[PDB]
Amino acid sequence: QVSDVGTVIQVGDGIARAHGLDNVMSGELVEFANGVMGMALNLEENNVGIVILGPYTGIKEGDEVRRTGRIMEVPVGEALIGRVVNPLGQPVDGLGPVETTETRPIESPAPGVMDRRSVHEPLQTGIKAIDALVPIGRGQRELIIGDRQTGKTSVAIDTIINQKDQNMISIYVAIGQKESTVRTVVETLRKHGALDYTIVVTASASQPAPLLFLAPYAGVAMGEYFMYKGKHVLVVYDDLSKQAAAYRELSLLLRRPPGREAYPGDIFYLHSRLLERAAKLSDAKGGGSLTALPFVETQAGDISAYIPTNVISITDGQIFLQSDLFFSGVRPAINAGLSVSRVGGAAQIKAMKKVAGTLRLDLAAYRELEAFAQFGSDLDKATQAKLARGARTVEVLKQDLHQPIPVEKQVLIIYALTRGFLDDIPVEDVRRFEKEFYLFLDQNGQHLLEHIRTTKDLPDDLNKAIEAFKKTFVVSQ
Amino acid sequence: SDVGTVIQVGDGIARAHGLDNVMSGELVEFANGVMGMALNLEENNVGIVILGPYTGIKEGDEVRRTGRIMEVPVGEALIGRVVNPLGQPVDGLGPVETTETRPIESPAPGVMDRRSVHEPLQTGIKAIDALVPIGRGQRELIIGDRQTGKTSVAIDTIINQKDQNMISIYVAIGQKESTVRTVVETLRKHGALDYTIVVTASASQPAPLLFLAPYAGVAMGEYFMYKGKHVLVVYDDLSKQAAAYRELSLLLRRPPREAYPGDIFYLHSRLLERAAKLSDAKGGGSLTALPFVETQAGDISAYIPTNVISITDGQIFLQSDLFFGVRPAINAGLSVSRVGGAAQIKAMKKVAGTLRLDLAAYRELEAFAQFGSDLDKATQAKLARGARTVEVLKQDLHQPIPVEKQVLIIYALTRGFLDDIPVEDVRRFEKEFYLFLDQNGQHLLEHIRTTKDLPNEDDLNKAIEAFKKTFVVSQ
Amino acid sequence: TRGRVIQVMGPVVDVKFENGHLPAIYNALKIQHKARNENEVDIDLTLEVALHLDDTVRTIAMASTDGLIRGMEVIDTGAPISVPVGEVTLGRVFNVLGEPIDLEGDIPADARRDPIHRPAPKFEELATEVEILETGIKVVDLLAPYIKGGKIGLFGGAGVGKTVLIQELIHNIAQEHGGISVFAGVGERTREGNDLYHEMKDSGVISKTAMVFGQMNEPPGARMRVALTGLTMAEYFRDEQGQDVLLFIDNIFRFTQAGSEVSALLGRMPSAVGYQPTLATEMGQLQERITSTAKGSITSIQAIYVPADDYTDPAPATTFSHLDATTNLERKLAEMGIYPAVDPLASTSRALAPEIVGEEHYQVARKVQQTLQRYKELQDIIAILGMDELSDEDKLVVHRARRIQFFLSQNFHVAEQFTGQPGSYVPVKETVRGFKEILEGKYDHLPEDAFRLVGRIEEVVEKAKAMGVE
Amino acid sequence: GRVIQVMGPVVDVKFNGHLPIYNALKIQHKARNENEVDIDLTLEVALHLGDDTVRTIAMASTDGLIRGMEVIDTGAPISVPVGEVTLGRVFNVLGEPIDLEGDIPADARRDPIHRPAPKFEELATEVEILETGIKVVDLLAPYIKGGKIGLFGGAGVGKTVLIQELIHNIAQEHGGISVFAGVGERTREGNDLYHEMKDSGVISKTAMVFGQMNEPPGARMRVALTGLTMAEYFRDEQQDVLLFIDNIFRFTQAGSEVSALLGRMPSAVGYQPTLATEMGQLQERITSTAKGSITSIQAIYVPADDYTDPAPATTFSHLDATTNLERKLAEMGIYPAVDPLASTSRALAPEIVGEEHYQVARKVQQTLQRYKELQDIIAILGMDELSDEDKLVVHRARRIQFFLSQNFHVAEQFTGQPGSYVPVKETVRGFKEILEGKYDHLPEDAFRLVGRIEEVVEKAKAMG
Amino acid sequence: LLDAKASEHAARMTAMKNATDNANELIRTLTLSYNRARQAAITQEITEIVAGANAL
Ligand SMILES: Nc1ncnc2c1ncn2[C@@H]1O[C@H](COP(=O)(O)OP(=O)(O)O)[C@@H](O)[C@H]1O
C-alpha cells in the first residue's frame, strides 16, 4: 500500500517520473490522481519513468500516482466489430460504449514454431496486380512500402472492402494518420459495408506518442481473439514508420541511450515481436489466421532508410509502390519489379497459379525493355512483340478504385491477354474491354466462372479458349 | 550581490560564483582589468565570456559588475578608422573621439517601421546591377569558395559609393590582419575611407570577439540609419563568426547539428534582420548588408550556407568553376535577388529585363548548340546575342562603371546594335562606344542620370545614336 | 501565486514557486519589473511554462531575456497565452502575445481572448464527406482543387505574384463564401511582411483579414507560438460563427525549426538531424487543429521552404504528411504573361479524383494536363525543326495547348488597381465547361491573345469579336 | 604542486594561492626505492579547474608518475634559448640542445614560446614576388617575399620533396636567416636534412628545431611555437627570415589528441572546439613587420585527401600563396603534382606580375579547365565525337599539363635525372609558345619532366 | 555505299557499346565512392547524435 503508489517528480512532454510505486511491474498501467492513465517503462532505483497516455498538462508535481497491478491490457470481443476506438479501446465514434465481456493483454507471445501451419489458404485482395504477382495468404505478412500519396491506404481499404464474401474479420489500425482522413476512410467503409466485419483502432497525429506506440499492439490484441478461435483476421497497420517514430520520441524522453538515426536499440525488437504475432495456427489449434499488412511511408523512396529496411527484412516480402507511376495515372502504383511475395504461390489458387506464371514474364521483360521507345523510332526485332502484350498487361493490371475484382472473373482476364485473346485489341480499348468482358461473363459465362469457383482450377482451358472469342467477336472497337 | 569570484578559467571562457545581480548579457569586469560578458545565468555560477586575453586571469579573481549592457562607440569620428569590435582604434591614428554610445544587441525595425526598398545600391559591377540588382536596405548574401572574388566584389562596391551617399562599414571576422590591411590600404588609394569604417577581429583574436564583431558593426551603422542617412555593412565571412560562436558555445558546454548550437540560426537571423528600409515616417533611413559565407567544395547544401540563405533576400554565388571564362565569377544560374527590379531605376528596368531572357535561353539552349546549323533554325539566332551578352556581362577588376553609360551597353546588345559585331569583339566595343559617348553625343549620357528613368532619348535618338558609334567603329 | 527566477539560459528561464502553487504547463507567466536603480533595466516579459523540473518550472521566453536578474519574481496569469478573437481582430495586426503592433489603438479589457493551446476536434466532430472549396481561380479549381478544411502547399516565393494569389484568395473566399482569413508570418523576413501589409491595405482585403507577425528577428518562443496565435483567431469564426475561414501560414518551417532550437535548451535528446524528438507530435497538435467540424471549417495555405531543395529533411517530410494538395508557382509562366503563375503540371491535388469531383471535372482536368505535356516535350523539337513538321497533329496540340495554358490566366480582383479590368470569379462548373470545349477544339479559330487573361469561356468570345471575328 | 591525477599526456597537479596559465611545471623526483623510476618532466599549465587545481599538458612520456608527487612551478611559460647562439644547433620542444654539442649559456636570452600576435600597426602590406625556379608555382601560383606559403598535400604526394627543392632553390641563395622546424614530421628527414646542411654549407645560418612522430601530443603542440619564437628573434631583435615549418598539420593534429582529455566538447569530426582560434594565435605571429620580414613555407598534410577537413581547410585563410597537391596528378606522373586550377597566389595581379605574365597565366589555366570539362566525354565516348577545335585544346592542354612537370634536384638519386631551375622569364615564354602553337607537332612525352622549353625540343629529337 | 553504310551502322552499333560498357564502369567507380560517402555520412550523423547526448 505505502509502496504501491508514488508521487510525481517531473512532468513534461508526455512523460512523468514518479516516486514510490516500489511494486509497479515494468509495463504496468499507472493512474494519475487526475484520472489520466499512463505506463511504467523505466523502473530505476530512485524513480520510475512513466509515459502519460493522454493530456499531460493536467499533471503537476506532487500529484499522486497509484498503481493498477495490470499489464496494459485491452478490451476484446464480438462487440467491437463495427466500432471506432482508440488504442485503449475507448470508443471515439460517438455511438455508446463498447459492451464486451472478455479482455486480452496487449503484450502477448506469438504462436510457437510448432503451433503454426505453412500458409496455403489465400487472401483475395481483389487487386489484379497484387493477388496475381504479389500474392498474400492468410497468416502471412505483406509489407506495403511506399512514398506518401502513393495509394498505400487505398489498397488496404479496397482490400478490406473485398472481405465481405470471404470469411475475414478486418482490423484497420491507424497510426499517426490524420484523424481527418481516418474518419473519411472509416466512412467510405461505412458505405461499402465494411463495418460489419471491420474494427478500427485510431491514434491520430494530434494524440500523444505513447498512444501511437500502443495502437499497433492494441490492434493485434483484438485480432488475436478471433485467431485463437479459428476465425480469420486481417490487420492493416497503417504506417509503422510513424508508430516506430512515436516510440523514438517517447524513448528519447525517458533519456534512453539513442541509437543509429536516434532510434532506441530495441527499435528492431519493437516491430519484430509485433509482426510475428500474425500467423497461421496449426490444425492442432483450430487452424486460425491473422494476416498483417504493415505500411512503411518512404521519403524519396529511399528503401535504404533504417526503419523501412528493418521491416522489409521482417515481413514475408513487400509491395513497393512507385511514386511516379501514381502520377502518370497508373492505379495501383505497384512496382512489379521490386514487389515480391515470398510465401507466394501457395497462396494463389490453381486457376491463378497457371495464368499467373507467365504474367511475371511478359511484365518482366517489358520492365527491362520499355526504357526504349523514343529511340525505338526504328522499332526493331520481335522485341516489339514482347512490348506488344506487355504494354497491354499493364492496362489489365490497372484497376479502378473502390472496385474490387473476384478471382473467378479475374483469372479470365489475366487469361485473355496472356493467351493473345486480348492482343488483337489496342491498348486504347484494353481497359474498357475487360469491363464488359466481365458482364459478358456475368450473363453468358456465369456457368464458366463457376467451375473456377468450386474447383479453384482450370484443367476450362478448352472451353474458355473458344468461349473467350464469343466476346471479342461481339465487342465494339 | 555585485561582486564575483572566478571558479574556472580557460579558453577565453570562465565560470564564477557570486554576481547575484547580473543581467543576462551584462558586461562585467575582471580583476586584471579585462572585460567579459555573462551569457549563462546558472543557479550556482555564471558563464562569462572573456572579452580579451585570458592569461592575466586566475581562479578566485574578482569579477566586478558594471550594470551596463554591452555597447560600443558610434559617431562621425569613426569614418576611415580601423577599430576593433569594442571601438578601440587599431589603425594608430589616435583615439576615436565619440560622444554617443550604442548598445550591441538592439531591436530591429518593426513590421510597421519599414518601407519597400525602392532605392538601388549601385554596385558598379554590370553583371550584378543588371542581373541581380541590389536595393538600399537589402540583404544580398555573396557566398562562394575560398578566393572566388568575394572580398574584391564588396570592395569595388564600396569604392563605387563616392557619388552616392553611403557610409560603408567593412568588418573582417576571422580574416587575416595583414590582409585586412591591404584591403583598408587599397581603400585609401581610391579614397573610400572618406565614408567607410572598419571592424577587424583578426583570426588571432578570441572567438567571442569575432562573434561580437558583426553586431558591433551594425550598431555603428544603425546610427546614421535611424538618423536618415544610408549605410552599407559588409559582413565579411559570417562563416568564421559561426565557427567562432560554436567554440564559444562548446566551451560553455552548451548542448550541441554539426556541433553548431541549436540557436546557431538565430545568431545570424537577429543580425541581418537589423538591416532594412525605415518608413518615411522615420526619415527614410537604410542599412544594406553584404554578408559572406566560405563554402567547402562549393557545397551550398552545407549547414551554415542554407541558414544564411534562408535569411538574406537573394544571394550572389561565386563559382571559381569559372574565373579559371566569365570573370567576376558570378553564377548567373543560382544567383538571385528577391527585391530585385524594384531596385533598378527605370533606365535599368526596361533594358535589364530582357537581359534575363537572352541569358536564360543561352543557359538553356546550350544542351542544343552542337547541332549548330545542321538544322536548328531560329534558335542559333537567339543564340547569337546570347553568346554576345555574356561578353557584356564581363567586367574587369577594379573598374566600376556608372549607371548612365552602363544601361547604354546593356541596351545596344539587347536591341541588335551589338550583333553586326562578332562575339569576340564586344569587350572592345564597351571601351569604345563609351568613350565616344563621353564625347560623341553626351546628351543621353546623363539624362539617364537626371530623370534616372525612361527613354534616355525618346527611342529614335538612342536607337540612331547607337547607329552613330557602330557605324564609326573598327574591325 | 508568485515565484522567482532561478536560471536564465538564453531564451529559457527557470522560475521557482516555493510551494503548492506551480503554474500548470502551458500557462503564461508575466514578469513586470521596474528598474530599482541605475544598474538595472525595465522588464516587461511574458513566459510560457514548459516543464516542472523541486517546485521548479522552466519556461520559454516569447521575447528577449536580456536584463533578467536571478530572483525577480514571476507572476502566474493562471492561464496560457490568450489572444483576442472576433471582429475585433479583423484588419488588426498583433504579435505572438496577441498584442496589437499597429497604430490603430489597443484591445479593450472587455474582449474575449481565448488560449493558444487547445486539442483538435473529437473524432465525432469532423466532416464526414470530403467537400471541395471553390476558389473561383481557374488554375486551381481545375488542376489542383483545394479541399475545404485541408492544408495546401505553396512553393516558390520570388517575384511570382505569390502575394496576389494569397491576397486574391482572401478576396474570393470572403466574397463568395463569406469568411475571414488570418495571415500568420512565422519567423520569415520582416521586409516581406511590412510590404504585404501595405499591399493588403491597398487591395482593401485587409478589411477581411487579421494578421500576426512572429518574424525572423524574434526569439525561439515567439516563432514557435505565432502559428498558434493566428490559429486561435481563425478557429473563432468557425466554431462560433460557422464560417469557412482561411488560415495562411507563411513559412510553417520556422515553426518546427525554432522548435529544435529550444529543445536543446530544454534538454531534450537530439533526434534525426538535430531536430527535436518531439517534432512529429508538435506539428500534429498544430495541424490537426485545422479541419472542418460539424459547424464551420478552416483551410490553410502554408508556404514551405525545404532545407536546400531537399525533400527528405525531417521538417518538410513531417509537414507533407499533413498536406492535401500542392500549389506550385513557377517563375516561368509569369514571364510568358500567364497569371496566375501556377505550374499546371506540378500543382497536384488529392481531391482531383472522380470520386471527389466526378468524371467531367477529372476527365477534363487530367486531359488538360496531358495535352500540356505534349506541348512541353515538343518544345525541344520546335527549336530544332521550326514549326514545319510535327506529324501535323503535334500542331493541333500546340494550338490547343497554348489556348489552354493561356486560358489558365485570369482577371484578378486584386489586379483592378493597376489594370482596371474588374476581375472574375469563374466557378469550377464554368471552368470545366470552358476547357471542355477548348479541348473539343471549338475555339481553334480565335487568336491566342483572346483566352489570355479572361473569365468564363464567354469572356473569350467578347475578347474575340473585339479582335474582329464573326 | 602535488600531482593527484594522471591522464595520459594530461596531468592534474593540485596546488592555497599558489595557482601558477601557460606556465611550465617541472616534476623533479628521484627514485626513493626500486618500485619507482626517475622522472624529469615539464608540464604546461592549461586551465584552472578550480578548487586550487590545474590541468597540465606534459612534454614527454608521463609513465612512472604517481599520485601525491611534487610539482615545481618555474613561474614562467616554456622559455627557450634565443640569440645568435641558436645558429647551427638543434633544440627540443623546450629549447634543449639535442645535437650532442654542448649546452646553452646561462646568460643566453630565453624567450617564452607564447607571445601575442603583432598589432595592426606592426604587420606589413608591401608586395614583392619571389622566384622559386618552379614552372608551375612561378606561373600559376607565385610566392611572395615575407608572405605565407602553404603546401597542401595528402600522404606520399611530394610535400617533403617540394620543401627540399624550395630550401635548395631558395634558402641556399637568399642571404637570409633560416629557421627550419620540423613539426610532427619524419625522424629520418631530420637526419637526412641535418647532415645535408653540413654538405651544402649553411649549417651556420639555419636554426634546427625538432619534434617528430615518436613524441607525445603535448610536444608537437608547442614545437611550432618554439621554432616560431626563434625566427621572431631575428625579426624583432635585429633581418628577413625564412621560416620552414614542416607539416603545421601535426600541430592541430596533436591538438585533438589533447582536446579530448582536457574535457572539451568535441567539434566537427571530433576536433577541438578551439581548432580555429588555436591556429589564429599561431599564424599571424608568423608574419613580417616594419621591423623584420618573415617568408614562411609550411607543409600542410591533407588527412584522407580531404581538403574539407577542419585542419587544412581552416589553414587556407592563413596564406598569401598556396600550392595544393593532388594524388591524381601524382599517379599521372606529373610532379610536382600541383593542381594548376587550385593553387593560387595574391600575386597573380597585372598590378603585381605584369600583364604578359598574367594573361599567359590565365590562358594556361583557361585551356586546362576547358580540358577538364571535356574529360567526362572522353571517358565515355573517347575523342571521336569532339570537334576539330576541342581536340586541339585536348593536345595543348595535355602537353601544357605535362610541361608543368619539373625535374627537382632532390629527386635525382632515385630517377637518375639531374635537375633544373627554370627562370621565370623562361617559364612565361615556354608556355607562350605552347599556347601559341609552335610546338603542336611535338609528341606529349617529349614535354614530360623537363626544364626550359628548349629542352623539350632536345628531348624531342631524341625520341625520333 | 551499301558496304559503307553497313559499316556505319556497325561502327555506330559498336561505338554505342563501348560507351554503354564504359558508362557502366563509371557506375562501379561511383557505386564505390557512393558507398564510401554513404558510410562516412551515416557514421558522422550518429557520432553527432550521441556526442550531443553525452553533452546533456
Ligand atoms: N619531383 C619528383 N620527381 C620524381 N619523383 C617524385 C617527385 N616528387 C615525389 N616523387 C616520388 O613520390 C614519393 C613521395 O615523396 P614525398 O615527397 O615523401 O611525399 P610526402 O612528403 O608528401 O609524403 C617519393 O617516393 C618519390 O619517389
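Residues numbered from 1 in each chain as written, not as in the entry; some residues may be left out. Chains lettered and ligands numbered in written order. Part of a larger assembly, values for the part shown. Heavy atoms only, no water. Residues with missing side-chain atoms left out of burial classes, pairs and counts.

- X-ray crystallography is the method the PDB entry lists for this structure, together with a resolution of 3.900 Å.

- Looking up chain D in the PDB entry gives the name ATP synthase subunit beta, with the organism given as Bacillus sp. PS3.
- According to UniProt, the comment filed for chain D under the heading Subcellular location is "Cell membrane".
- Recorded in UniProt for chain D, the comment headed Sequence similarities runs: "Belongs to the ATPase alpha/beta chains family." (UniProt positions renumbered as here; feature names shortened; annotations may be inferred.)

- By the naming in the PDB entry, chain C goes by ATP synthase subunit beta and is assigned to Bacillus sp. PS3.
- Quoted verbatim from the Function field of the UniProt record, the comment on chain C reads "Produces ATP from ADP in the presence of a proton gradient across the membrane. The catalytic sites are hosted primarily by the beta subunits."
- Turning to chain C, the UniProt annotation filed under Subcellular location states: "Cell membrane".

**A word on the sheet that holds strand β7 (residues 82–83) of chain B**
Residues and elements named next belong to chain B.
Okay, step 1: Here 5 strands make up an open sheet; going across it, the order is β7-β11-β10-β12-β13 and the pairing parallel. The open sheet has two free edges, formed respectively by β7 and β13 (286–289), since each of these has just one partner strand.
Okay, step 2: Sheet analysis places strand β10 (residues 167–173) next to strand β12 (residues 230–236), joined by 6 bridges and oriented parallel. Bridge pairing links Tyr170 to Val234 in β12.
Okay, step 3: In this fold helix α3 (residues 177–189) packs onto β7, β10 and β11 (197–201), with an angle of close to 170° to the strand it touches most, β11.
Okay, step 4: The strands touched by helix α4 (residues 207–227) within the sheet are β10, β11, β12 and β13, with β10 carrying the most contacts at an inclination of about 175°. (Pairing = 2+ DSSP bridges. Helix = DSSP H or I, 4+ residues; strand = E, 2+ residues; numbered from the N terminus. Contact = heavy atoms within 4.5 Å. Axes fitted to C-alpha atoms, helices over the stretch in contact; angles between N-to-C directions.)

**Considering the pattern of salt bridges**
Okay, step 1: Between A:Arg141 and A:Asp316 there is a salt bridge, with the nearest N and O atoms lying 3.1 Å from each other. Of this pair, A:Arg141 sits in the loop between β11 (136–137) and β12 (143–147) while A:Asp316 sits in the loop between α7 (306–314) and β17 (318–321), placing them 175 residues apart in sequence.
Okay, step 2: Several salt bridges share partner residues, and in doing so they unite B:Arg114, B:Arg139, B:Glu273, B:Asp313, B:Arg338, C:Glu188, C:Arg189, C:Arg191, C:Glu192 and C:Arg254 into one network. (Salt bridge = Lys/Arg side-chain N within 4 Å of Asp/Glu carboxyl O.)

**Description of the domain arrangement of chain C**
Okay, step 1: Split into domains, chain C comes out as domain 1 (1–80), domain 2 (82–350) and domain 3 (352–468).
Okay, step 2: Taking only C-alpha atoms, the centre of domain 1 of chain C and the centre of domain 3 of chain C are 60 Å apart. (Domains from an automatic or database assignment.)

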